[PDB]
Amino acid sequence: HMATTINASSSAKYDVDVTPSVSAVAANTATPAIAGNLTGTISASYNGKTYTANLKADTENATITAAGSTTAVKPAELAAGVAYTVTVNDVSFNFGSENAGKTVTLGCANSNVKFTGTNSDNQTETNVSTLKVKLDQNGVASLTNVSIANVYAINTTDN
Ligand SMILES: [Cl-]
Ligand SMILES: [Cl-]
Ligand SMILES: [Hg+2]
């Protein structure tokens, strides 16, 4: 509990900074034609530490739509030059038993990112920039979704 070590390392509207990472690759038509693909992760920082988000499903944990459309797009059919919105469902952060019952606010500097879930006052918020949540008895935060708009599928670099 003593403090005898020189240190000098120095630690908004939110205190959990959520950074989604999406990598979409466009399909190519015929060389044999190549299917598109989509992968990614969601990470967060809280009290100087970084966490990786857990998803309820290994597969089918997200949905792609073209901007101004509600039709589901298979990752195999992604095209370049199309602004996509990726919605990731049943996203959780495990902030550990030491953070159990705490209230934290999730946010994101990137205006293309929005949250859907239950806030700390037990109200449903839909497509919001920031969300105040109550961590459960294990320190876990739960979101209905994270959405990322203006996702562009790149021309494959396998050439
Ligand atoms: Cl980001
Ligand atoms: Cl951020
Ligand atoms: Hg962000």
# chains A, B, ... in the order shown; residues from 1 in each chain; ligands from 1
>>> closest_atom_pairs(of="chain A", to="ligand 1", cutoff="8 Å", atoms="only C-alpha atoms and all ligand atoms", output="CSV")
residue,atom,partner,partner_atom_place_in_ligand_line,distance
A:18,CA,ligand 1,1 (Cl),6.7
A:19,CA,ligand 1,1 (Cl),3.9
A:20,CA,ligand 1,1 (Cl),5.5
A:21,CA,ligand 1,1 (Cl),7.1
A:108,CA,ligand 1,1 (Cl),6.4
A:109,CA,ligand 1,1 (Cl),6.7
A:110,CA,ligand 1,1 (Cl),5.3
A:113,CA,ligand 1,1 (Cl),7.6
>>> residues_near_ligand(ligand="ligand 3", cutoff="12 Å", atoms="only C-alpha atoms and all ligand atoms", output="short mmCIF file (atom, residue, chain, number, x, y, z; two decimals) with C-alpha atoms, in the first residue's frame")
data_model
loop_
_atom_site.label_atom_id
_atom_site.label_comp_id
_atom_site.auth_asym_id
_atom_site.auth_seq_id
_atom_site.Cartn_x
_atom_site.Cartn_y
_atom_site.Cartn_z
CA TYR A 14 -18.29 8.63 -21.61
CA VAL A 16 -15.75 3.22 -21.98
CA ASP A 17 -14.27 3.98 -25.44
CA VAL A 18 -15.63 1.37 -27.90
CA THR A 19 -13.59 0.83 -31.13
CA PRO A 20 -15.17 -1.57 -33.65
CA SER A 21 -12.91 -2.92 -36.44
CA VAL A 22 -14.63 -4.23 -39.62
CA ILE A 42 -15.03 -4.91 -31.17
CA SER A 43 -12.65 -3.67 -28.45
CA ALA A 44 -13.07 -1.17 -25.56
CA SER A 45 -10.84 0.76 -23.08
CA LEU A 106 -20.10 3.47 -23.45
CA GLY A 107 -19.13 5.90 -26.21
CA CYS A 108 -17.31 6.35 -29.51
CA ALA A 109 -15.57 9.37 -31.20
CA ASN A 110 -16.54 7.83 -34.62
CA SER A 111 -20.05 9.18 -35.57
CA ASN A 112 -20.60 6.04 -37.78
CA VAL A 113 -20.90 3.90 -34.58
CA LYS A 114 -24.19 3.65 -32.60
CA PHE A 115 -25.43 1.43 -29.73
CA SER A 129 -23.98 7.76 -29.56
CA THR A 130 -23.50 6.88 -25.79
CA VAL A 146 -23.39 -2.12 -32.03
CA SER A 147 -23.89 -0.75 -35.57
CA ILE A 148 -21.14 0.63 -37.87
#
>>> residues_around(residues="region 73-75 of chain A", least_positions_apart="6", cutoff="7 Å", atoms="only C-alpha atoms", output="list in words")
residues 36, 37, 38, 64 and 65 of chain A
>>> write_last_selection(atoms="N, CA, C and O atoms", output="JSON list (two decimals), in the first residue's frame")
[["chain", "number", "residue", "atom", "x", "y", "z"],
["A", 36, "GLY", "N", -16.97, -12.50, -51.72],
["A", 36, "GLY", "CA", -16.64, -11.50, -50.69],
["A", 36, "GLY", "C", -16.50, -12.17, -49.33],
["A", 36, "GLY", "O", -16.72, -13.38, -49.25],
["A", 37, "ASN", "N", -16.09, -11.42, -48.31],
["A", 37, "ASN", "CA", -16.00, -11.94, -46.92],
["A", 37, "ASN", "C", -15.98, -10.73, -45.98],
["A", 37, "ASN", "O", -15.69, -9.61, -46.42],
["A", 38, "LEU", "N", -16.41, -10.96, -44.75],
["A", 38, "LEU", "CA", -16.46, -9.89, -43.73],
["A", 38, "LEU", "C", -16.00, -10.48, -42.41],
["A", 38, "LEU", "O", -16.38, -11.60, -42.09],
["A", 64, "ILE", "N", -25.56, -7.46, -42.46],
["A", 64, "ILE", "CA", -25.10, -6.39, -43.36],
["A", 64, "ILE", "C", -26.31, -5.92, -44.15],
["A", 64, "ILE", "O", -27.04, -6.78, -44.68],
["A", 65, "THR", "N", -26.46, -4.61, -44.27],
["A", 65, "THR", "CA", -27.41, -3.99, -45.21],
["A", 65, "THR", "C", -26.68, -2.88, -45.94],
["A", 65, "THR", "O", -25.83, -2.21, -45.31]]
>>> residues_around(residues="residue 102 (chain A)", least_positions_apart="5", cutoff="10 Å", atoms="only C-alpha atoms", output="list in words")
residues 95, 120, 133, 134, 135, 136, 137, 139, 140 and 141 of chain A
>>> closest_residue(among="A:62, A:13, A:138, A:27", to="ligand 2", atoms="only C-alpha atoms and all ligand atoms")
A:13
>>> atom_distance(atom1="CA of residue 40 (chain A)", atom2="CA of residue 23 (chain A)")
5.7 Å
>>> closest_residue(among="A:30, A:78, A:54, A:61", to="residue 93 (chain A)", atoms="only C-alpha atoms")
A:54
>>> closest_residue(among="A:60, A:145, A:1, A:46", to="ligand 2", atoms="only C-alpha atoms and all ligand atoms")
A:46
>>> closest_residue(among="A:79, A:88, A:154, A:143", to="residue 41 (chain A)", atoms="only C-alpha atoms")
A:88
>>> select_by_dssp(residues="region 74-115 of chain A", states="strand (DSSP E or B)", output="list in words")
residues 84, 85, 86, 87, 88, 89, 90, 91, 92, 93, 94, 103, 104, 105, 106, 107, 113, 114 and 115 of chain A
>>> write_last_selection(atoms="N, CA and C atoms", output="PDB file, in the first residue's frame")
ATOM      1  N   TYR A  84     -22.036   0.170 -46.661  1.00  0.00           N
ATOM      2  CA  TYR A  84     -22.766  -0.852 -45.889  1.00  0.00           C
ATOM      3  C   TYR A  84     -22.846  -0.405 -44.420  1.00  0.00           C
ATOM      4  N   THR A  85     -23.888  -0.868 -43.738  1.00  0.00           N
ATOM      5  CA  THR A  85     -24.076  -0.789 -42.275  1.00  0.00           C
ATOM      6  C   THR A  85     -23.966  -2.218 -41.771  1.00  0.00           C
ATOM      7  N   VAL A  86     -23.079  -2.443 -40.814  1.00  0.00           N
ATOM      8  CA  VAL A  86     -22.906  -3.764 -40.162  1.00  0.00           C
ATOM      9  C   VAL A  86     -23.470  -3.634 -38.739  1.00  0.00           C
ATOM     10  N   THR A  87     -24.424  -4.489 -38.396  1.00  0.00           N
ATOM     11  CA  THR A  87     -25.060  -4.535 -37.066  1.00  0.00           C
ATOM     12  C   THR A  87     -24.577  -5.796 -36.388  1.00  0.00           C
ATOM     13  N   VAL A  88     -23.837  -5.648 -35.281  1.00  0.00           N
ATOM     14  CA  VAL A  88     -23.336  -6.789 -34.473  1.00  0.00           C
ATOM     15  C   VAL A  88     -24.252  -6.940 -33.242  1.00  0.00           C
ATOM     16  N   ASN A  89     -24.833  -8.126 -33.072  1.00  0.00           N
ATOM     17  CA  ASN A  89     -25.861  -8.470 -32.052  1.00  0.00           C
ATOM     18  C   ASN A  89     -25.234  -9.148 -30.831  1.00  0.00           C
ATOM     19  N   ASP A  90     -25.827  -8.908 -29.656  1.00  0.00           N
ATOM     20  CA  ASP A  90     -25.536  -9.639 -28.394  1.00  0.00           C
ATOM     21  C   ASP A  90     -24.045  -9.500 -28.081  1.00  0.00           C
ATOM     22  N   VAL A  91     -23.607  -8.250 -28.037  1.00  0.00           N
ATOM     23  CA  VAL A  91     -22.205  -7.846 -27.748  1.00  0.00           C
ATOM     24  C   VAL A  91     -22.091  -7.702 -26.236  1.00  0.00           C
ATOM     25  N   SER A  92     -21.083  -8.310 -25.627  1.00  0.00           N
ATOM     26  CA  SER A  92     -20.807  -8.089 -24.192  1.00  0.00           C
ATOM     27  C   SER A  92     -19.329  -7.773 -23.950  1.00  0.00           C
ATOM     28  N   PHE A  93     -19.060  -7.037 -22.878  1.00  0.00           N
ATOM     29  CA  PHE A  93     -17.708  -6.837 -22.319  1.00  0.00           C
ATOM     30  C   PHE A  93     -17.691  -7.440 -20.927  1.00  0.00           C
ATOM     31  N   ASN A  94     -16.651  -8.228 -20.681  1.00  0.00           N
ATOM     32  CA  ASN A  94     -16.323  -8.766 -19.356  1.00  0.00           C
ATOM     33  C   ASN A  94     -15.269  -7.870 -18.711  1.00  0.00           C
ATOM     34  N   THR A 103     -21.644   1.406 -12.540  1.00  0.00           N
ATOM     35  CA  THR A 103     -22.316   2.084 -13.672  1.00  0.00           C
ATOM     36  C   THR A 103     -21.241   2.694 -14.575  1.00  0.00           C
ATOM     37  N   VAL A 104     -21.201   2.342 -15.865  1.00  0.00           N
ATOM     38  CA  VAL A 104     -20.201   2.894 -16.840  1.00  0.00           C
ATOM     39  C   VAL A 104     -20.942   3.485 -18.037  1.00  0.00           C
ATOM     40  N   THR A 105     -20.333   4.413 -18.776  1.00  0.00           N
ATOM     41  CA  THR A 105     -20.972   4.957 -20.009  1.00  0.00           C
ATOM     42  C   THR A 105     -20.140   4.574 -21.234  1.00  0.00           C
ATOM     43  N   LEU A 106     -20.743   3.848 -22.170  1.00  0.00           N
ATOM     44  CA  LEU A 106     -20.098   3.468 -23.450  1.00  0.00           C
ATOM     45  C   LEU A 106     -20.226   4.617 -24.441  1.00  0.00           C
ATOM     46  N   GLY A 107     -19.156   4.866 -25.179  1.00  0.00           N
ATOM     47  CA  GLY A 107     -19.131   5.902 -26.213  1.00  0.00           C
ATOM     48  C   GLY A 107     -18.152   5.585 -27.320  1.00  0.00           C
ATOM     49  N   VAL A 113     -20.629   4.985 -35.571  1.00  0.00           N
ATOM     50  CA  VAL A 113     -20.899   3.903 -34.581  1.00  0.00           C
ATOM     51  C   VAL A 113     -22.079   4.333 -33.703  1.00  0.00           C
ATOM     52  N   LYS A 114     -23.019   3.427 -33.478  1.00  0.00           N
ATOM     53  CA  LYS A 114     -24.195   3.651 -32.605  1.00  0.00           C
ATOM     54  C   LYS A 114     -24.448   2.381 -31.812  1.00  0.00           C
ATOM     55  N   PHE A 115     -25.122   2.529 -30.669  1.00  0.00           N
ATOM     56  CA  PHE A 115     -25.428   1.434 -29.725  1.00  0.00           C
ATOM     57  C   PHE A 115     -26.932   1.297 -29.610  1.00  0.00           C
TER      58      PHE A 115
END
>>> residues_around(residues="residue 119 (chain A)", least_positions_apart="6", cutoff="7 Å", atoms="only C-alpha atoms", output="count of residues only")
4
